[PDB]
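When we count neighbours, we look across all protein chains shown, and the Cβ atoms used for this are built from the backbone with ideal geometry, even at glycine. Since every read-out is calculated from the coordinates, none of them should be taken as a lab result.
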Amino acid sequence: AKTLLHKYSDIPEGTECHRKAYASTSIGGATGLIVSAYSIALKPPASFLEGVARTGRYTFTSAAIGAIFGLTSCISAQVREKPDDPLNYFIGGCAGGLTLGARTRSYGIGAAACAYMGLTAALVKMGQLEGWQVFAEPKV
Amino acid sequence: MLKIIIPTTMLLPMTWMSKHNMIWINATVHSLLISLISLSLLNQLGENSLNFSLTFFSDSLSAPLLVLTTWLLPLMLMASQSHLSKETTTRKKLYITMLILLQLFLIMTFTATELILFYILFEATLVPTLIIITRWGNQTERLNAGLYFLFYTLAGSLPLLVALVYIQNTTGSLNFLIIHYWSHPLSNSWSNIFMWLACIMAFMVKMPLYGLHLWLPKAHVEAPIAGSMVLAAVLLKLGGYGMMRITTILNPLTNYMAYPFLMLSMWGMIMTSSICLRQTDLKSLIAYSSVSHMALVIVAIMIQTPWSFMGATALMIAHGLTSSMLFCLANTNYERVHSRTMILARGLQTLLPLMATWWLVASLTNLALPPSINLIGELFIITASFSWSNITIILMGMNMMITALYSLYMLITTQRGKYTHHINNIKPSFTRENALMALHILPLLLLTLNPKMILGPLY
Amino acid sequence: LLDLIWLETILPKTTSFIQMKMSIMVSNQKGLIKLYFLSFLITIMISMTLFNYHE
Amino acid sequence: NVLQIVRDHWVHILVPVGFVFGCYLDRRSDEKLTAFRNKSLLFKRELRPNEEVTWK
Amino acid sequence: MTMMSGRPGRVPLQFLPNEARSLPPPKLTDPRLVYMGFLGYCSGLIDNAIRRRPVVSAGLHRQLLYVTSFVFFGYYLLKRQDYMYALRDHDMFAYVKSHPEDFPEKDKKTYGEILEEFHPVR
Amino acid sequence: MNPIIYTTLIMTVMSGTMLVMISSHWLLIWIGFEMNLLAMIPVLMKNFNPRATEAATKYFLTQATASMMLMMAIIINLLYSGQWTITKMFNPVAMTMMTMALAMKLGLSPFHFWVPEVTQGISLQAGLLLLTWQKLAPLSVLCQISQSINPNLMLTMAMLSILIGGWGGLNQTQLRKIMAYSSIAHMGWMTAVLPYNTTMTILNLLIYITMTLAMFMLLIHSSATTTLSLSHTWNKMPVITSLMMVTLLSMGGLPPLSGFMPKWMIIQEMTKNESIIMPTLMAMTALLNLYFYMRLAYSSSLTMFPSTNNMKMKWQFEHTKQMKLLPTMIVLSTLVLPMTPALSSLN
Amino acid sequence: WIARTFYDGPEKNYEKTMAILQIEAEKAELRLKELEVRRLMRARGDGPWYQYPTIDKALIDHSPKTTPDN
Amino acid sequence: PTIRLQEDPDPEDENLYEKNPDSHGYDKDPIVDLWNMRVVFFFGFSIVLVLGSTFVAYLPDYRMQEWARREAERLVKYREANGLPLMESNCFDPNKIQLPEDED
Amino acid sequence: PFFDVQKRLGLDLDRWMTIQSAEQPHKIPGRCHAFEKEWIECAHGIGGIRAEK
Ligand SMILES: CCCCCCCCCCCCCCCCCC(=O)OC[C@H](COP(=O)([O-])OCC(O)COP(=O)([O-])OC[C@@H](COC(=O)CCCCCCCCCCCCCCCCC)OC(=O)CCCCCCCCCCCCCCCCC)OC(=O)CCCCCCCCCCCCCCCCC
Ligand SMILES: CCCCCCCCCCCCCCCCCC(=O)OC[C@H](COP(=O)([O-])OCC(O)COP(=O)([O-])OC[C@@H](COC(=O)CCCCCCCCCCCCCCCCC)OC(=O)CCCCCCCCCCCCCCCCC)OC(=O)CCCCCCCCCCCCCCCCC
Ligand SMILES: CCCCCCCCCCCCCCCCC[C@@H](O)O[C@H](CO[C@H](O)CCCCCCCCCCCCCCC)COP(=O)(O)OCC[N+](C)(C)C
Ligand SMILES: CCCCCCCCCCCCCCCCC[C@@H](O)O[C@H](CO[C@H](O)CCCCCCCCCCCCCCC)COP(=O)(O)OCC[N+](C)(C)C
Ligand SMILES: CCCCCCCCCCCCCCCCC[C@@H](O)O[C@H](CO[C@H](O)CCCCCCCCCCCCCCC)COP(=O)(O)OCC[N+](C)(C)C
Ligand SMILES: CCCCCCCC/C=C\CCCCCCCC(=O)O[C@H](COC(=O)CCCCCCC/C=C/CCCCCCCC)COP(=O)(O)OCCN
């Protein structure tokens, strides 16, 4: 929901890193839960316990990625004393990518995920700065 | 300029209604006549362009490109009829139709007054090229080459369209004259940075830029001779034309957004020149030489000085002619021995003397021997770069060496040494091939005589 | 090292690999209405909660 | 005997006809942009005693 | 978003209102009409080709009917398109005339009094 | 089946669509949808076999669920305002449910799974009908209630449709499945611009219908339902394969062909509002549809596959049935771009 | 001779360029004005464009209703 | 059959000099080949090349090089006669330029 | 989308049932006849956008 997104975004950038990490963990957990729900729906796991294990795996992976991203991004923002800089989000995104690589235990996944997640997080920070809209309201 | 466009549209039904044994003759004659007519576009002014109507106009940068396209069509017609002898009449007419359609699209591309019509035609040139490569290529790899030719281009050009229409909603026009007269500076923001990248990446991939060039060896090696000729001579120059056009609205961002592209271009001309030294394929060597020369052109355009622009235009024209000649020269040997390996047939100066003369002239022109227009463009670019930064003379100097090496290397391996013993099917050169080489080479020296015609609007 | 391996690895080979894996993911369905009707139910609930609850 | 010659070489007028038609169309397009004929601050002038328009 | 569906006074299925007669008809030498005729001719050629007949000379009455039908439809299509653009311009000009506050004309400035930054290229 | 009965069923399908498109009362729109589905089910089963029966069952289940949701949305809207006229739909929950129902009817992702199955399970004529005529009524209703559409849900489903259409079509060797995934992608393209301009939706629908008709008529002319069966056609009728390649290139969206006109215009409309990122994603994704069109063109027209001996007999015979509208459909599908401004007559 | 036979004077191209420039500038101004007018019409809904249908008042029955208070 | 398919054998390449010792490399028909050679050599070398070079060489001076040279000669003569500076650092007259009022 | 055949032909195929303030049998009034009548008369001819405010 947008309640979680507002919970994350209401806290300023370089302040209260633990709260921001908690909000990012909530977002990641929700995303992993949705992914596991769709995966179980389309690919049944053949027993209840295997489905529970898969759901726990997916949710834990996504929540860890989100928590690491939020913590690293906030700590970088506060240490460098440079809020409104996409580099902090890039560092957090690559930290999340390396977390995903460690979780799946693959070096190629780790490298590609770090690069792409850092780029995407930096892009999102840029859009927050300049007011880019993904879903533009009809205007003309 | 409908006086040039309509005769090609009439080339179409003339080709499709000619007798089965007169298609080549009629096509060649009327293409040559159209080239003669298009030669009248060189009467340019020193202040503004020739605005024929609301849709078409000509500058001093596009007129030599149009003349080059019109002159190139008959050359491909002559070089094509050798290996298409066993083909049926309808397929031969379809081949000539593909060439004519490509010429028509390029002619209308080089003279569109609006950026969106330019975009439409500069994508429309993709279809005949893909059909030619994937249908009349020789080896199995052609299919893959076609794919590499297609998406590499489209992945670059689809963002551009977006930017283009976005610009139309903010400035209210895409007409080039209005765009030039109402130009405004670009602020330092992320939105402007991504607009710059979207406007620039299509023409960067078309040149191609180093790191974005993997499609070029495939496309230029797996294509037929006419396909390779038109790919190297004209289609690579669309990126240069487009970038020299579009850079009018990107200042002063380029002042710092050219740095990664300048670095890529310089180190990549070094890398591709070094790659050319170890190449067992004769066509791949020519492809990588094209890459190096286009890297020089990219540097020239990114510097954004008048001398660099003049050098870029001259190098574009000269490289087109030289690369087309080299491809034809390699294709003669391929048609003889049915192999592209460079060390297979050796000592061909002993067996084919006049073709050895053509090889020597083409190799000398490639390595920028003065006073060829290749050298003029290269030297103008080097001087502008030295004004930009004094250390560039290192890297450019390096290139000026390596080029010559591989150039002579090719010559020495294909013409010199002792002939291969077991090859005994090497027939004397036909009149067609000799005329092809002569018609490639003589305009180069004629342009050397009067080089102001190809120095662009900055002259 | 550069042209034949890594410049190939980054742009075209990675793109083809990702597209092929995604296509395998999307198109490899058993054709059982039970599974994707359960997917329909999940989608309906998610959209009623996400987009509709926020008006 | 000119029938066979005509049927075998009548396609040799298509391109020249296209060229003259293109010249005509260029002139026609030129005819539609005369809003400033003899009106520019640089080329404005008094008409010759016999002529009608400065350019066609 | 439907801009012109609810414009007052629009008859539902007219395709050509009476006000459209206040506009000049397209000339029969319109390049768009000639392009429509060319489309009809190409359709006739493709029809001959698919049926395995001499493509150029098989059916002249059929090709004539193709060209005639395409030109006939194109004439009215062009009429309606021109009318709709005329209506758009009429509404736009009326709205600009009726809301002066939203469309002010500010004082013009010559380039001798506007300070533009200079960015050297070097 | 009796030809008279078939003609009556086709008329009933068309009458239901027209009833949806001319009605002003919500109950009559629902009645039109019901009539259309009722008459459409027998047509899918015209050639009886287990696959046609399975396709009809899946189609019926999906459309019945969608109709249920549509009626519940109408009843909720009536509850919160005593209105029966098709208008702004004064309640947001009702509009969400209406959007989902019309999406499930259209086949937009994630309600997309049924389209490849149903298209593969029926004949080429039934597939032509299903992928061309069945898109009219839901898009008409969506156009009529466009001003109250929630942009986020609509755009999310359109983007999902484009992505899934590309990825799914990448993996297919069956022509009908390729057509189904192409239809999903084009549905996404039509629905993406719907909240901003319905005229662009109508224009995209017209172009897509023309191209789909040409494609299916070419496939019927050369009775091929697989890639390898289509690869034999060059040895029998090369003109059909050539026109097929041109139409496939047009469908891919390449200029100067007419298939480029809708996307182009749609992109412009989105950039008239702010909406920059979404058109970029759509074009980059439509590259995938272009990829598998190009692979089909490779297999069928640009190369020659090995043939069979018995094909010699086929050389002595001509096509008996002839599609009279095929040349006009091909021409409209390829050479119509210079006639772009005529879209002004669409609004 | 070449100039006399094949080419015209500079004033022709000069004034044709002037006419083309005027037409293009007018088109650009019209495009921007149309965008602004569309934005205002969609925001306010007080013009001919973006007029969405409402219920017809001719459908109302102005008769005694078997109860005095409707 | 230990094969995969029925196929024609790969044919040898045809030598155009075998049936026509003077073959010009254009076509296997001697007459059409000879006329192809003639038309190429005439329309390429005689018409486009030489006449095109002659046409380009004598193109009228539309870039205004001699015009600009004469105008510059007049200007230098005038300013040298009056002792004025030969070139002025300001291209636009400052009297027609209005600067911003305050620089502080 | 919407082909207004009723309005073009003056047919009234389904407009008689759309609102609760429209000629009920035996003149039986709706529960909110006055309110719906007033709202319809307020919003008549001014468009949905202006009506909503
Ligand atoms: C356009 C022009 C041309 C450009 C295009 C072409 C050139 C660019 C692209 C080509 C090169 C980039 C490739 C990226 C890495 C590829 C990995 C891969 O494909 O995985 C599949 C492949 C499959 O693995 P698997 O099947 O999953 O498992 C079986 C393993 O093989 C079994 O593995 P194992 O048992 O042998 O042990 C593996 C283990 C241990 O590895 C070993 O066994 C031997 C030790 C080698 C480790 C090397 C690091 C220590 C020395 C480095 C010294 C400093 C670096 C140079 C900077 C100097 C500054 C002046 O590795 C690790 O533990 C990794 C932990 C982290 C250490 C390495 C990370 C260093 C990152 C560099 C940061 C630079 C920041 C910017 C600097 C700015 C100033 C220049 O993974 C590998 O096997 C490779 C393992 C080594 C990966 C790390 C190598 C670092 C290379 C430099 C990266 C920087 C470029 C990217 C930057 C952009 C990102 C934002
Ligand atoms: C942009 C500016 C203008 C350009 C507009 C666009 C281009 C032109 C318009 C397009 C449509 C026009 C033609 C459509 C009908 C063609 C159907 C056909 O099969 O042709 C066979 C037919 C020859 O067959 P035949 O004579 O019955 O006997 C031979 C056997 O049938 C032996 O036949 P077969 O079937 O046994 O042979 C098999 C062969 C046969 O397969 C084919 O014939 C392929 C033809 C495909 C038709 C094009 C598709 C629909 C149009 C879309 C074009 C899009 C262009 C945009 C860019 C994309 C590039 C493709 O198939 C293959 O070998 C497979 C090869 C695979 C290659 C892949 C390339 C395919 C696409 C090529 C399309 C290029 C554009 C059209 C070129 C014209 C073609 C005739 O061609 C013709 O002779 C008719 C064409 C010329 C008639 C018009 C002449 C005008 C009247 C003269 C006076 C001019 C007035 C001047 C005014 C002032 C007075 C002085
Ligand atoms: C005299 C010797 C020394 C000098 C030699 C000079 C050589 C120059 C001659 C060569 C011609 C060069 C190319 C000509 C291109 C011109 C194309 C076009 O731009 O010109 C048109 C003019 O058209 C002319 O008719 C050009 C026709 C020339 C075409 C060349 C064909 C020759 C082919 C050779 C065949 C020889 C026999 C073949 C037997 C097989 C302009 O149309 P127009 O609308 O008026 O312009 C208005 C300007 N006005 C007002 C001043 C009139
Ligand atoms: C293989 C070859 C293919 C072609 C490659 C094309 C190359 C494209 C590269 C684009 C060039 C520049 C892009 C962005 C401009 C500046 C980059 C950045 O490093 O500069 C600093 C930016 O600071 C930080 O670096 C923030 C960016 C960090 C995140 C960006 C991701 C970079 C990681 C490398 C990814 C590789 C990209 C290519 C993938 C293939 C400037 O500091 P700042 O003053 O604050 O920003 C100026 C803009 N302002 C004024 C609006 C504020
Ligand atoms: C096989 C035998 C080889 C050896 C034997 C050689 C025999 C001797 C012949 C060689 C002569 C030596 C050359 C010396 C130069 C003299 C010619 C020169 O004077 O003419 C130039 C003139 O030449 C032309 O300017 C250049 C030729 C035109 C080039 C156009 C190419 C033709 C188009 C064909 C297609 C083009 C394809 C490429 C697209 C761009 C002068 O230029 P310019 O300073 O002004 O003249 C001032 C006076 N004007 C202005 C009144 C004329
Ligand atoms: C084969 C490889 C070819 C490479 C080509 C692809 C690279 C293209 C470069 C990026 C293109 C995306 C830009 C889209 C068009 C931008 C036009 C524009 O001006 O929009 C900006 C906005 O710019 C954006 O929105 C762009 C957001 C980014 C979305 C897409 C990101 C694409 C991936 C980024 C990394 C790739 C870039 C470098 C690639 C180098 C080549 C490999 C203005 O928007 P406003 O809303 O009006 O802002 C003012 C009000 N606040």
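Has the range B:200-222 got at least one residue that is within 16 Å of ligand 2 (Cβ to nearest atom) and of a type in the set (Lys, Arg)?
Looking through the range B:200-222, none of the residues is within 16 Å of ligand 2 (Cβ to nearest atom) and of a type in the set (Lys, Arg).
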**OP:** Out of B:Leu408, B:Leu449, B:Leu436, report the one residue that is out of contact with any strand residue (DSSP E or B) (no Cβ under 6 Å at 6 or more places or on another chain), without any contact (Cβ under 8 Å) to a residue 60 or more places away in the chain and farther than 27 Å from B:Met266 by Cβ.
**Re:** B:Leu449
Original post:
Only one of B:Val234, B:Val221 is in contact with a strand residue (DSSP E or B) (Cβ under 8 Å, 6 or more places away or on another chain) and assigned to a helix (DSSP H, G or I); which?
Top reply: B:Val221
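What number of residues within the range F:12-26 satisfy the criterion of being part of a helix (DSSP H, G or I) and either within 20 Å of the chain's Cα centre (by Cα) or in contact (Cβ under 8 Å) with a residue 24 or more places away in the chain (or both)? Quick ask: steps written out before the conclusion?
Step one: of the range F:12-26, the residues part of a helix (DSSP H, G or I) are F:12-22, F:26.
Right, trim to either within 20 Å of the chain's Cα centre (by Cα) or in contact (Cβ under 8 Å) with a residue 24 or more places away in the chain (or both) and you get F:12-18, F:20-21, F:26.
Going through the range F:12-26 one residue at a time, the tally reaches 10.
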Original post:
Taking helices (runs of 4 or more DSSP H) that fall entirely within the range F:241-347, which contain at least 3 residues that are within 14 Å of chain A (Cβ to nearest Cβ) and out of contact with any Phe, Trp or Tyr (no Cβ under 9 Å at 6 or more places or on another chain)?
Top reply: F:277-297
Subject >> Flag for I:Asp4 being within 7 Å of another protein chain (Cβ to nearest Cβ), touching a strand residue (DSSP E or B) at 6+ places or on another chain (Cβ under 6 Å) and not small (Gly, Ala, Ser) >> reply: no
Subject >> Members of the range B:168-180 found to be surrounded by fewer than 20 Cβ atoms within 10 Å (Cβ to Cβ) and either more than 8 Å from every other protein chain (Cβ to nearest Cβ) or of a type in the set (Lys, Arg) (or both), listed by number >> reply: B:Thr170, B:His180
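Residue-wise test of (1) closer than 23 Å to A:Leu119 by Cα; (2) surrounded by fewer than 17 Cβ atoms within 10 Å (Cβ to Cβ).
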site	(1), (2)
A:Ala1	no, yes
A:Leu5	yes, yes
A:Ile27	yes, no
A:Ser36	no, no
A:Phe48	no, yes
A:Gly51	no, yes
Original post:
Restricting attention to the range H:45-64, which residues are near ligand 3 (Cβ under 8 Å from one of its atoms) and assigned to a helix (DSSP H, G or I)?
Top reply: H:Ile47, H:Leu51, H:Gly52, H:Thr54, H:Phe55
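Residues are listed down the side, and each one gets a yes or a no for (1) of a type outside the set (A, V, I, L, M, F, W, C); (2) within 16 Å of ligand 5 (Cβ to nearest atom):
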{"residue": "B:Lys3", "(1), (2)": "yes, no"}
{"residue": "B:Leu11", "(1), (2)": "no, no"}
{"residue": "B:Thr15", "(1), (2)": "yes, no"}
{"residue": "B:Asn21", "(1), (2)": "yes, no"}
{"residue": "B:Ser35", "(1), (2)": "yes, yes"}
{"residue": "B:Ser38", "(1), (2)": "yes, yes"}
{"residue": "B:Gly46", "(1), (2)": "yes, yes"}
{"residue": "B:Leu50", "(1), (2)": "no, no"}
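Determine, yes or no, whether H:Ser23 is surrounded by 14 or more Cβ atoms within 10 Å (Cβ to Cβ), assigned to a helix (DSSP H, G or I) and hydroxyl-bearing (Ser, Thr, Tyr). Before you say what the answer is, go through the steps one by one.
Numbers: surrounded by 14 or more Cβ atoms within 10 Å (Cβ to Cβ): yes; assigned to a helix (DSSP H, G or I): no; hydroxyl-bearing (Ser, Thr, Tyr): yes.
Judged against the criteria, H:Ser23 is not a match.
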Original post:
Can you name the number of the only condition in (1) more than 24 Å from A:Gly14 (Cα to Cα); (2) more than 16 Å from the chain's Cα centre (by Cα); (3) within 15 Å of ligand 6 (Cβ to nearest atom) that A:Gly108 fails?
Top reply: (3)
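Inside chain D, can you point out the residues that are of a type in the set (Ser, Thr, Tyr) and assigned to a helix (DSSP H, G or I)? Explain how you work it out, then say what you get.
Taking chain D and keeping what is of a type in the set (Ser, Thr, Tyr), we get D:24, D:29, D:34, D:40, D:54.
Passing the criteria: D:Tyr24, D:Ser29.
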Original post:
Tally time: how many residues in the range F:84-139 are under 14 Å from the mean Cα position of the chain (by Cα) and assigned to a loop (DSSP other than H, G, I, E, B)?
Top reply: 4
Original post:
If you go through the range A:4-54 one residue at a time, how many are among the β-branched types (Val, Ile, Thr), in contact (Cβ under 8 Å) with a residue 12 or more places away in the chain and not in a loop (DSSP other than H, G, I, E, B)?
Top reply: 5
**OP:** Can you work out which of the residues in the range A:84-99 that are more than 9 Å from ligand 1 (Cβ to nearest atom), of a type in the set (A, V, I, L, M, F, W, C) and more than 11 Å from the chain's Cα centre (by Cα) is nearest to the other protein chains (Cβ to nearest Cβ)?
**Re:** A:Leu87
**OP:** Being surrounded by 12 or more Cβ atoms within 10 Å (Cβ to Cβ) and closer than 11 Å to G:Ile2 by Cα is the filter; apply it to the range H:35-60 and report the residue that is nearest to ligand 6 (Cβ to nearest atom).
**Re:** H:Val56
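Would you say H:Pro11 is within 13 Å of chain B (Cβ to nearest Cβ) and over 30 Å from B:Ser38 (Cα atoms)? Give the derivation first.
Working: within 13 Å of chain B (Cβ to nearest Cβ): yes; over 30 Å from B:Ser38 (Cα atoms): yes.
When the stated conditions are applied, H:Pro11 passes them.
Using the structure shown, decide if F:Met237 is buried (at least 23 other Cβ atoms within 10 Å of the Cβ), more than 16 Å from ligand 4 (Cβ to nearest atom) and more than 18 Å from B:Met195 (Cβ to Cβ).
Answer is no for this residue.
Have a look at B:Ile193, B:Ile167, B:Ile178, B:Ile200 and point out the one that is more than 16 Å from ligand 1 (Cβ to nearest atom) and within 28 Å of the chain's Cα centre (by Cα). Break it down into steps so the answer makes sense when it comes.
Details: B:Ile193 fails: within 28 Å of the chain's Cα centre (by Cα); B:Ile167 fails: within 28 Å of the chain's Cα centre (by Cα); B:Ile178 fails: within 28 Å of the chain's Cα centre (by Cα).
Exactly one residue qualifies, and that residue is B:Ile200.
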**OP:** For residues that are within 26 Å of E:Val55 (Cα to Cα) and more than 7 Å from every other protein chain (Cβ to nearest Cβ), tally how many sit in the range B:1-48.
**Re:** 9
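If only one of A:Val79, A:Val134, A:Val140 is surrounded by fewer than 19 Cβ atoms within 10 Å (Cβ to Cβ) and within 16 Å of ligand 6 (Cβ to nearest atom), which one is it?
A:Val134
Restricting to the range B:173-202, count the residues that are more than 10 Å from ligand 4 (Cβ to nearest atom) and more than 13 Å from B:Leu115 (Cα to Cα). Can you show your working first?
Going residue by residue through the range B:173-202, those that are more than 10 Å from ligand 4 (Cβ to nearest atom) are B:173-186, B:195, B:198-199, B:202.
If we keep only those that are more than 13 Å from B:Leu115 (Cα to Cα) as well, we get B:181-186, B:195, B:198, B:202.
Residues flagged as more than 10 Å from ligand 4 (Cβ to nearest atom) and more than 13 Å from B:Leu115 (Cα to Cα) within the range B:173-202 amount to 9.
Please find, within the range B:118-141, the residue that is surrounded by the most Cβ atoms within 10 Å (Cβ to Cβ) out of those that are among the charged types (D, E, K, R) and part of a helix (DSSP H, G or I).
We begin by selecting, within the range B:118-141, every residue among the charged types (D, E, K, R); these are B:123, B:135, B:141.
Cutting the leftovers down to part of a helix (DSSP H, G or I) gives us B:123, B:135.
On the way: B:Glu123: 23, B:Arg135: 20.
This residue is B:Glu123.
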Original post:
Would you call A:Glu16 at positive phi and surrounded by fewer than 19 Cβ atoms within 10 Å (Cβ to Cβ)?
Top reply: yes
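Looking at G:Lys27, G:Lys57, G:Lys33, can you tell me which residue is over 17 Å from the mean Cα position of the chain (by Cα) and either of a type in the set (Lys, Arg) or closer than 22 Å to I:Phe2 by Cβ (or both)?
On the way: G:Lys27 fails: over 17 Å from the mean Cα position of the chain (by Cα); G:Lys33 fails: over 17 Å from the mean Cα position of the chain (by Cα).
Sole residue among the options that is over 17 Å from the mean Cα position of the chain (by Cα) and either of a type in the set (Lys, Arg) or closer than 22 Å to I:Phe2 by Cβ (or both): G:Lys57.
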Subject >> Counted residues, the range F:45-86 - those being farther than 21 Å from F:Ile122 by Cβ and either without any contact (Cβ under 8 Å) to a residue 40 or more places away in the chain or not β-branched (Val, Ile, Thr) (or both) >> reply: 16
Original post:
Is there any pair with a first residue in the range I:34-53 that is more than 7 Å from every other protein chain (Cβ to nearest Cβ) and a second that is crowded, with 16+ Cβ neighbours inside 10 Å and in a helix (DSSP H, G or I) whose Cβ atoms are under 9 Å apart and which are 6 or more apart or on different chains, and what are they?
Top reply: I:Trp39/I:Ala51; I:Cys42/I:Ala51; I:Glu52/I:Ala43
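Identify, please: which residue in the range I:14-42 is part of a helix (DSSP H, G or I) and in contact with a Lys or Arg (Cβ under 8 Å, 6 or more places away or on another chain) and is, among those, farthest from I:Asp4 (Cα to Cα)? Write out each step before concluding.
Quick first cut of the range I:14-42, residues part of a helix (DSSP H, G or I) only: I:15-17, I:25-27, I:33-42.
Of the ones still in play, those that are also in contact with a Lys or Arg (Cβ under 8 Å, 6 or more places away or on another chain) are I:27, I:33, I:40-41.
On the way: I:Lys27: 29, I:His33: 27, I:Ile40: 20, I:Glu41: 22 Å.
Looking at the filtered set, the residue picked out is I:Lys27.
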